[PDB]
Each structure stands twice: as C-alpha cells, then as structure tokens.
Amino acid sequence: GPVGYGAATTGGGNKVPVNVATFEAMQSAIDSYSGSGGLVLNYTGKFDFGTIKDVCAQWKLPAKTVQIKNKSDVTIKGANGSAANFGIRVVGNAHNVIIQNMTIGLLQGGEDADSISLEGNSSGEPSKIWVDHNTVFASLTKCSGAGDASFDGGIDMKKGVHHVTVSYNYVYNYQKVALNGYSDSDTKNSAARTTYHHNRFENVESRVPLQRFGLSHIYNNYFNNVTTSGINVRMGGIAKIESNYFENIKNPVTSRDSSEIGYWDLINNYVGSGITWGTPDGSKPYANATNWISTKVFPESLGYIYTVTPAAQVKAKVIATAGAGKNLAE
C-alpha cells in the first residue's frame, strides 16, 4: 500500500473493476459515477507508440486528458501491458485517488500535454492521492515553433493539493518531470505535503521536483542523466532529502528562479560520479548544495512510518521495482 503523506489513500478499494479499453470509455465511467463510495477502473487499452512517426506532431494537436473532477474514492489502474496516449487530471474537491500501473507516453497538446496532474481550484483541493508504479515518457526534442513546450508536466500538482505519495514511478526522456506549486503567487501550496520515494528519474531535464512552498520528503529516488537541475526547492518550501542515489546530474539539489529560496534537510544521500553545478542566468537569489549541507531542519514530524533502502542500494532497487509492468514490486 501507499507509504508517506498519501498513506491513507485506498482509492476505489475492493470494488469490482470496470474494464475500460479506451480514453472515452474511462471518461464515460467517471462521468456516470455518483462521486463517492468507490470506483475501480481497469484500463486495458494498448496504444502502439510506433504509430507516432514524428515526435514533433504532438504539440500542435489537442490534448487527450481524462478528468476526475469533484469525485472521490477512485482507482485508475493499468492492466499489465496496457499503454495510454492520454493523460489524467484530478481537480477540485476530489479525494482518495489512486493512479497506478499506467504507461503514459508522447502526449498530444504541447503545453497542454500533462501526464498526471493534480490541481486545486475555487471548489476545493485534492488530497489523499497515490501516484504509484507508472511509466511516463515523452521526448527531450525541442520542436520547431513549439516554444518551450513540445510536451508538458509529468507528475504535477498545484494550488494546495495535499497529502500525496508519488512512489515507484519511472519518468524518462522527459523535459519537465514534476511540478509542485505553479508560480510564486501559488500561496495555497503552503498546504502541500508530498512524499516522493523509490522513483526512477532518467534522461530528464528539470523539475525533479520543482517545489514551491509546503513540505516534502524526497527519499530513495534514483537520478541519472538529469541535465539542467534536479530537486529545486523554492518559495520557503522545505524538503527532507534522504537516502537518494545521485549520478550524472547537474544541480542535483538547488533553489533557483523564484523571488525567494527554499530549504533542505539532507541525510544519507548517495552521491555518485558525474555531479556538475551551474549558476543560474538572471537576478533572483539562488543556492546550490555543493557540499551537501542542510539549510534547514525539517520543522515537524512527518507523522508516518517509512522503511529506508540503504542509499547505495537505491540504484539497483529502483531499477528493479520502479514503473509500470513491475507487478507493483516494492
């Protein structure tokens, strides 16, 4: 089950799964749902990614996104071998949601190509979310005319989404991995409480995660070939960064590009070879954890029990267990 801030998440629980073979069948089942009591969706579709002949075709097409809006007690689970060319959004007064074993790739929409996105709005803020054992991939290619946005966020939350575990996910060939707070004015995000653990982040550019405000616990994650920046903590946010495995990563632990810096509590991190550092372009304040020194003590109890993989073993453990098609191995 979930470990960390999303530990109370049960989603649809033991309800008999509803088999959904398509994007539209999934949305339809969500729309018909009363909104609480439990819904379990078994996604069986097998999108053939080889039908996408040009990575740069995607950004100009409209997004394909399943919405869970103001509905609670939901499990979206990919069957073994299932693959989606659509993303998933949880928005508003929506609670107790599991998104699990989905393979989400090369989405249409550009700046609108969000893979898994959790968002507060005027109606409420999502909580008790477990994003677990998914594989999310796109391309690092910067398409002609696309601006900064040939693809969009991998596993994103904003506007006060709270109590969430992001675990055992595999994110690769992805420019912008994980947003947490969408801008420096997203002050509702001080409520955010996120555990990121046992994720595999490989061949990615930045936002691993980009944290604005709130509290996070980032542990037992494996980072490799992260080319711009890794954990970026901003706007008074505090991250307990514990027993991760870092290699071939630029700016692995940083605070940059916000009007105000964020802080970190560092313990037992495995720091391998290929660590580089850079100074950000611009005027805003910044900090690079070059000597791996804590800038703040994590200010409160996590309020949950967790088992730590020895840091040096995290690479092998994460490679073995992270992503879809792994039978949810832990």
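One-based numbering along the sequence shown.
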property: Per the entry, higher mean C-alpha B factor between 188-196 and 69-77; result: 69-77
property: Mean C-alpha B-factor comparison - 274-282 and 51-59, higher one; result: 274-282
property: Selection by C-alpha B-factor (highest) of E242, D114, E247, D132; result: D114
property: Highest-ranked of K158, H95, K142, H217 once sorted by CA temperature factor in the record; result: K158
property: Entry-reported Cα temperature factor of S32, expressed as the chain third it lands in; result: highest
property: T44 - which third its CA temperature factor falls in, relative to the rest of the chain; result: lowest
property: Lowest, middle or highest third - CA B-factor, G13; result: middle
property: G153 - which third its CA temperature factor falls in, relative to the rest of the chain; result: highest
property: Modelled-residue ranking by C-alpha temperature factor, third containing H162; result: lowest
